[PDB]
């Protein structure tokens, strides 16, 4: 009768080597053949306990067989393991505003999945518990883009990859913020400034009137004020002070008509301009 199948009782992967221990018929030949045509053979020690280390072969595939001194073969023991942990990332083309920060205004961002072994057949993406199938593109790259817009907020996202044997590895999570929201800001003459004949006609006797900038979101990275006088527009950086965001022209204006607006941009590259405000300076 041929020897009984060898038994693998321990395995570990340490630095691209598979380390194994098991049992097999004392004195027989243990034959390990990998997916790459490599063969490693050893003599099972007298107590029938063996140990071995082999380089990790393509797709984690190898088979172990016992052969006795007279050429009889055991049942083979096919093994198919997996070692690579998959990675998921926000595509740079779906990463708006500042690049690299995992914040974007793309409500249907594309995710790219990497570090997959060549026998991976199933790739799924978990978005806050909802699981979706990933797609493989023309270049053989796995990716996922939501079919409907994601609402604004912060999403915990990971990828799960399995091979044909059903080995499954789960990525580290990433945290992606969808931010497609920015309040339209507003510019107005500050409290004392709309004076003279009225508190609401936007006609002021101040040649250097002070403006309040309101509805400026906390995640704003840039605040500018646009001033158009006689068909010519100049842009100024807003002041952020103890009083909030304000604008005062850096020199006195001639009497005349000024159209102002304020523009805000946030981290995701959202951009809004205020309704315009038509002011008249009248100091004489």
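Numbering follows the first chain given and starts at 1.
Engineer: Out of 206 to 214 and 114 to 122, which one has CA B-factors that are higher on average in the deposited record?
Structural biologist: Here the higher of the two C-alpha B-factor means belongs to 206 to 214.
Engineer: When the Cα temperature factors in the entry are averaged, is it 196 to 204 or 152 to 160 that ends up higher?
Structural biologist: Higher of the two, by average CA B-factor, is 196 to 204.
Engineer: Using only the C-alpha B-factors in the record, can you name which of 225, 242, 54, 30 has the highest?
Structural biologist: Largest recorded C-alpha B-factor: 242.
Engineer: Which has the highest CA B-factor per the PDB entry: 130, 183, 170, 145?
Structural biologist: Spelled out: the listed residue with the top C-alpha B-factor is 130.
Engineer: Thinking about Cα B factors across the chain, which third does residue 80 belong to?
Structural biologist: Ranked within chain, residue 80 CA B lands in the lowest tercile.
Engineer: When the deposited Cα B-factors of this chain's modelled residues are ordered and cut into thirds, is residue 11 in the lowest, the middle or the highest one?
Structural biologist: Residue 11: CA B-factor falls in the middle third of its chain.
Engineer: Test of reading the entry: by CA B factor among the chain's modelled residues, which third contains residue 94?
Structural biologist: Its C-alpha B-factor, which the entry lists for residue 94, ranks in the middle third among residues of this chain.
Engineer: Please place residue 61 in the lowest, middle or highest third of its chain according to the CA B-factor in the PDB entry.
Structural biologist: Lowest third of the chain for residue 61's C-alpha B-factor.
Engineer: By the recorded C-alpha temperature factor, relative to the other modelled residues in its chain, which third is residue 86 in?
Structural biologist: It falls in the bottom third of the chain.
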